[PDB]
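What follows is one chain in structure tokens, specifically the form deposited in one PDB entry.
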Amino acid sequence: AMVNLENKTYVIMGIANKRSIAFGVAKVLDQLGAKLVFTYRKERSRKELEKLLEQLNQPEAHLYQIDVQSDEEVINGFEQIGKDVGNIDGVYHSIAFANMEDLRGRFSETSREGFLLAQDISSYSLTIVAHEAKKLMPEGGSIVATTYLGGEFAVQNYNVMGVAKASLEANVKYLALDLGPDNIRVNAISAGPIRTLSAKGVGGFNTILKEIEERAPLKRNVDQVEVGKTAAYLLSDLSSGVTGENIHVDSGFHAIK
């Protein structure tokens, strides 16, 4: 009951370049006729985002600088999206960070600084984004964050980022419980591994890809467009009965041991 997203409006957070999971999301939602608003942190992502948008069908470029480490910029940014475009239907959250040092060494060796930075950027950011986005969804809508199986199970070399994704998945459940009575669904997609910018020189990544290929039920890896397709289902009314959920888009790998 509802196959098109015309008249829908979504914010996409965390496109960095053509290989971003959030750009797969953007491409999909754009082909379904949604208006899209984009948020970036640093500059090279702006001059990039302007270039990538040329591939989309969007009749105007709504681009806002939000570093989610600043409550101010989150609060001001969403307030401004509100003034510029009005109410929205949902947010796609494609944002995380861990220090390379921490991931390279033993988990027991993780710095206090790296642990809290990963938490702040990869989990708390969803909390304050939801709180501010809600102000633009007076009738409800849908919030989707991106996670990885390493938040549910200890995965070799994922280390501090795993604890941050475990924190994130709890965040989704608690937000879902908090925001449900306001008609706002909150859900995660647990993407299988995908070769993005931030996957570059991560140890454990290439071998994890090969392992998926050999052992996952579908015997192949997933891509950004496949995440995008599940994101469209979660952000639309097709999943209207569905909240606090974590959909694995990972070729079945979560289901096997």
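Position 1 is the first residue in the sequence shown; the rest follow in order.
A second form of this protein, the form deposited with a small molecule bound, is not displayed here; the remarks below concern that form.
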**Study point:** Partner contact for residue 202 in the entry with it bound: the small molecule, 4.5 angstroms, heavy atom
**Key:** yes
Point to revise | Close approach of residue 173 to the small molecule in the entry with it bound, 4.5 Å, heavy atom | key: no
Point to revise | Contact of residue 104 with the small molecule in the entry with it bound (heavy atom, 4.5 Å) | key: yes
